[PDB]
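Working notes, beginning with the structure itself.
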Amino acid sequence: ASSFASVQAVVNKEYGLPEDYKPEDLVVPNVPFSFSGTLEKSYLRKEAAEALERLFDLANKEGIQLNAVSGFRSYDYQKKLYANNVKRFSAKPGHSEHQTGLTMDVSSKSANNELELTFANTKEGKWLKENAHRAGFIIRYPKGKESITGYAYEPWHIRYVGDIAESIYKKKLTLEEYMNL
Amino acid sequence: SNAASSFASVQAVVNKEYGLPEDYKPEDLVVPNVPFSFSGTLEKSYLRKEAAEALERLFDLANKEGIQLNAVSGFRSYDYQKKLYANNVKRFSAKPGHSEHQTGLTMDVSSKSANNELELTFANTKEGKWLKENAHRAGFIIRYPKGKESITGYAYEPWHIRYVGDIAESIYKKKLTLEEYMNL
Ligand SMILES: [Cl-]
Ligand SMILES: [Cl-]
Ligand SMILES: [Zn+2]
Ligand SMILES: [Zn+2]
């Protein structure tokens, strides 16, 4: 239990993770996924996986069907991905939130389960925006906050931070702002 | 003209110069019985009937040689392409109407050895190399072969196969692009 293993840890362009960093409590959440089988991207840290299950349940109660697309991604994966674009998700290895195991990309069939801006205009994307905090999630890179987060709007990308999500949502803040960074 | 002639033909040529009608969606779209890299039935699950049955034959020929291919994305409508283009301007270069995926004759394929991704790395796999040399056996061509950018308008896409039927073998053997084969 160190600073970067905190559920409230900030990982961004400025603040990176150790290169060997892999959470030790990875599990696959019991939710529908946009691909079949088990892959490393199926996993989240246990607390975040349980919260994702809760989130999908709450969505279902209101007729909203979400699908999980991509969770954990290792340092090594990020390295290869950074190269493939050195020729936005141009995060250097060790600087992607996905390596924390606290972040899941989610989408919906109405958006072809793809991670695109169109997801924002679906009832599912709209619901996610206003309800993610009910399960301790925030939309990590909200619209208009590019200069702060370093990322263009990603309506599909949710980060588990626990109880502070509700305050962050209510105050319309980024994680950076909440943490005085 | 900027409009593809014989737009519904199995041998139609659709590229940056020649576009499809904006309201064109093939009427014989079906889901080929093959493994996919994604779950569920979506627009990209489909190919025109003749191309779908050809893809099945292709995957079966592959399997007999221990080659496991996965289908990644087939049909893409004009309307889908329109938002993808807009949200990438604010290769993914194809303007709406000018992607071959709208014909229903085109399937992006990959393999687990390339993590089912549509990248150059597919070319370095046993599966990608097999596909390069065998696609024509089921009526498919590698639409954007290496070095032909000046003609096709696209960099090497080892993952992107286009069904054209019988002429594939000739196109393959002669090392020609579809544009050249059709005098376009
Ligand atoms: Cl992402
Ligand atoms: Cl493509
Ligand atoms: Zn993400
Ligand atoms: Zn393609």
Nearest-20 debye value, chain B charge dipole, Cβ charges on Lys, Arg, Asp, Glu: 460 debye
Can you work out the Karplus-derived ³J(HN,Hα) for every residue in segment B:150-166? Use 6.51 cos²θ - 1.76 cosθ + 1.60 with θ = phi - 60°, whole Hz, and x for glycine or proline. 4, 9, 7, x, 9, 5, 2, 10, x, 9, 9, 10, 10, 7, 10, x, 3
Extension gain B:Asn115-B:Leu184, at 0.36 nm per residue separation less the Cα-Cα distance, in nm? 21.3 nm
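According to the square roots a ≥ b ≥ c of the eigenvalues of the Cα gyration tensor, what is the shape class of chain B, taking rounded for a/c under 1.5, prolate for a/b larger than b/c otherwise, and oblate for the remainder?
Rounded shape, in that the Cα axes give a/c under 1.5.
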So how far apart, in nm, are the two label points at A:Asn84 and B:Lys95 if each is 7 Å from Cα heading toward Cβ? 2.9 nm
Paramagnetic reach from A:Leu58 (point 7 Å along Cα→Cβ, amide N under 13 Å) across segment A:115-131: A:127-131
Measure off 7 Å from each Cα along the Cα-to-Cβ vector at B:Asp166 and B:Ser39, then give the distance between these two points in nanometres to one decimal. 4.3 nm
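Give the average, rounded to an integer, of partner chain Cβ atoms located within 10 angstrom of each Cβ in A:112-120.
4
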Please list, in order along segment A:18-35, the HN-Hα scalar couplings obtained from phi with the Karplus expression 6.51 cos²θ - 1.76 cosθ + 1.60 (θ = phi - 60°), rounded to whole Hz, x for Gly and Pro. x, 6, 7, 5, 9, x, 9, 10, 6, 9, 8, x, 6, 9, x, 10, 8, 9
To the nearest 20 debye, what charge dipole does the protein assembly as shown have about its Cα centre, counting +1 at the Cβ of each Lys and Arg and -1 at the Cβ of each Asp and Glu? 580 debye
Sorted by mean Cβ packing within 10 Å, highest first, what order do the peptides A:149-161, B:60-72 take? A:149-161, B:60-72
Zone of A:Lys22's modelled label, taken as backbone nitrogen in segment A:92-124 under 14 Å from a point 7 Å along Cα→Cβ: A:99-101
Taking B:99-107, A:128-136 and ranking on average Cβ neighbours within 10 Å, highest first, one gets B:99-107, A:128-136
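Please note: Cβ atoms are built from the backbone with ideal geometry, for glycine as well, and neighbour counts cover all protein chains shown. Where a number appears in this text, it was derived from the coordinates with a stated rule and is not lab data.
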